[PDB]
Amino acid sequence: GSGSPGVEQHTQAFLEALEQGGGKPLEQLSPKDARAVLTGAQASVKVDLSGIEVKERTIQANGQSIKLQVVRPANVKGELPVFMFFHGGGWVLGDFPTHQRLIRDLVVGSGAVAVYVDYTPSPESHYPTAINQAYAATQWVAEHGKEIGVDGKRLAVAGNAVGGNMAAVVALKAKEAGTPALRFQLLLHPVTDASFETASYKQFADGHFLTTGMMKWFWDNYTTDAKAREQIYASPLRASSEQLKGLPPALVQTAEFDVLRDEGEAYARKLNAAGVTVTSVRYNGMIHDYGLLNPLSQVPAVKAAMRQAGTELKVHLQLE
């Protein structure tokens, strides 16, 4: 009673193992206990984190202190291009160490520096606190890149799930502010709409790791303000073609067996209809967050997806 026909074999086994593991629904836990689920699960897998050097940095931007983790390809001299990395976890969960293997794969694969932004979790904060932090840090990197060994003029945004939401919305905030210039947005199965009635939402409501109950809980912790949810900085799928016009080139990866699949692909279509350059790719057989979850990190399709994400970062961040 886990998964579906066509789920990739290792992923299916992972889903079945979780089912036998039992446990309360994530959304019935305290934020503290939910956070520990991800922490514990990520830590229980031997993973390759080599080839990077990590350094913390606190910045002052748009009137607040923001913590960064700068992840640089190891043994490389000189200024490097750079991508902001916005972590997923449904706004409630996630942090740098839970996401470090994913970030590492993107850094080693791209040859570019990642700047993880430690945005304030929900429900400790609500919309739009984190995205304002996300944007503030992005502008800071553009202006002050030399201080952390990067070329801030060659700048992308990237994230998984709500992190993909965050990357897409930071690109919109950058358009609104007229700064900074962005080369590329990498959206790994993004949340793009505060609604729950797409065909994929109905089909994969449960049994496929990310449940409908989880997503609704995530959104509720983020903000219960219906008017806020209707804003394009919360639900970018609601943007018009005019509002999307001029956004940077995008790679959108979606997972076949993901409640978020349809809104992610729909967002890619809206970008294309607005004249934005988009590569929209559905990874068949995959579940949500296949790039994040360390138990899936050696699944061949996941390795392929990660090679592509790193390559496309590289391609869009090179010297013109």
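So that there is no doubt, residue numbering starts at 1 and follows the sequence shown.
Stretch comparison (18 to 26 versus 303 to 311) by mean CA B-factor in the PDB entry places 18 to 26 on top. Of the two segments examined, 262 to 270 and 30 to 38, it is 30 to 38 that shows the higher average Cα temperature factor in the deposited entry. Across the options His99, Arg72, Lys173, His189, the residue with the most elevated CA B-factor in the record is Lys173. Comparing the listed residues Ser280, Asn62, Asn294, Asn284, the entry records the largest Cα B-factor for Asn62. When the modelled residues of the chain are ordered by C-alpha B-factor, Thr58 sits in the highest third. The deposited CA B-factor of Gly152 belongs to the middle third of values across its chain. The deposited CA B-factor of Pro248 belongs to the lowest third of values across its chain. When all modelled residues of the chain are sorted by CA temperature factor, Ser195 is found within the highest third. Sort the modelled residues of the chain by CA B factor and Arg183 lands in the middle third.
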